[PDB]
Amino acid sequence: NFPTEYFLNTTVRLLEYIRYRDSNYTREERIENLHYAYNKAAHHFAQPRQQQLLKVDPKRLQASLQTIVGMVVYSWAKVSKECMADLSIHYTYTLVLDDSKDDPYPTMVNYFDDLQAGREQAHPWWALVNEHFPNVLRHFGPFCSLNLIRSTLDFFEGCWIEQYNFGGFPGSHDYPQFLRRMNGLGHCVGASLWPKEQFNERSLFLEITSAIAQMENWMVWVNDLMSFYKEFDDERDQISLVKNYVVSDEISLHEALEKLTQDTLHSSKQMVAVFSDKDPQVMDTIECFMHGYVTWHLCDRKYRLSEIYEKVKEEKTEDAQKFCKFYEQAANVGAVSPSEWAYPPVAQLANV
C-alpha cells in the first residue's frame, strides 16, 4: 500500500520550505505563453524532415510536447516567448529519446570523427538536435551555452545506459545518483534559466554557477518525489532513483524514500538560505522556477496527483488539509484545458 500520510507530510513540508505561494503570473498570460510555445514547436515537429528522422508514435509525441510546453511555460516564467518556445523544442527532443530502444553503439562508432569533421551525425536524434541547437543557444552566453551542450550529451549517455534496465550492482552505492545526474539535464535546466537578454553571465557568474550546482539536485529530487506516486505500482518503470537505491544500497523501499525526502527537504532549505539575500532578479527566477515546477507537477495528469487530492479531500488532518489547500492553489492558476492552447495537433500540421 502507498504511504499516503508520509507522502503528504513531505510534500507540505516541501511547499512550506520553498514558500509555495501565489504569483503575479495570470491564467491569461499562461495561456498566451502556452499557445505561443506550442504553436512554434508544433510547426517545427510537423516539418517533413523532423517527421521522417524522429521515429516516434504520433500520439505519444503529441502528449510529450504538451507535457513539456507546460513545464517550460510554467517554470521559466521570466524568459521571453521565443525562449520558452525554443526550450520547449529541445526538452521535447530529450523526452522523446526515452522512446527509442535502438542500441546507440552502431551510430556512435564514428561520433567524434564526424563531429570534428563537421559531417552530419549517423544517429538521427543527434542530427535533428544539433541542427536545432543554435535556436536554443542564441538566447545564452558562452558559459551557459557550454552547460546546455554538456548536460544534453550526458543525457544521451544516460538513455544509452538505461536501455540495459540496470539498477546497479548490490553494494554499488555510487551508482544511483551517478545515473540520476546522467539523465537529469540538471545543468541544462539550471543554465537555461539565465538568458543573456535578462542577465549578464559575467557579472553574475558566481550566482549562476551556484544556481546550477544547487538547482541540479533540487530539480531532479523533486521530480523523483512527485513522480513517486505514479511509479509506485508501475511494474514497467523498474529503474528509478528510489528503486535503484533499494537495489544498490540494499535497503527497504521505505528507507530509500526516506533518503529521498531528506535530500529533497535539505536541498529546499539551502536553496532559500543561499538566494534570499542575493540579487533580486536572480532570486526571482529561482523562486518562480521552484513554484512553477511544483505547480506543473500538481496540474499535469501524468503524475496523477489529483488522485491523492480526491482521496484526502475530506480528512481533518493538518497535513491533508494543508495539502488540499496547496493543490487548490495550483489548480487555481495551473489547471488549464488543453483545448485552450494545444491546437491543432502536430499530426494535422504534418499532413498539410
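Numbering starts at 1 and runs along the sequence shown.
- Annotation for 250 to 258 versus 147 to 155: the higher mean temperature factor (C-alpha) is found in 250 to 258.
- In this entry, 323 to 331 has the higher mean Cα B-factor, the comparison being between 44 to 52 and 323 to 331.
- Across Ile68, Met283, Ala37, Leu61, the entry's maximum B-factor at the CA atom is seen for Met283.
- Across the residues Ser192, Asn110, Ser80, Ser267, the deposited record lists the maximum Cα B factor for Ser267.
- Split the chain's modelled residues into thirds by C-alpha temperature factor. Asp114 is in the lowest one.
- The deposited CA B-factor of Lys316 belongs to the lowest third of values across its chain.
- Per the deposited record, the Cα B-factor of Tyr20 falls in the highest third when ranked against the other modelled residues of its chain.
- When all modelled residues of the chain are sorted by CA temperature factor, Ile208 is found within the middle third.
- Looking at the C-alpha B-factors along this chain, the one for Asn217 belongs to the middle third.
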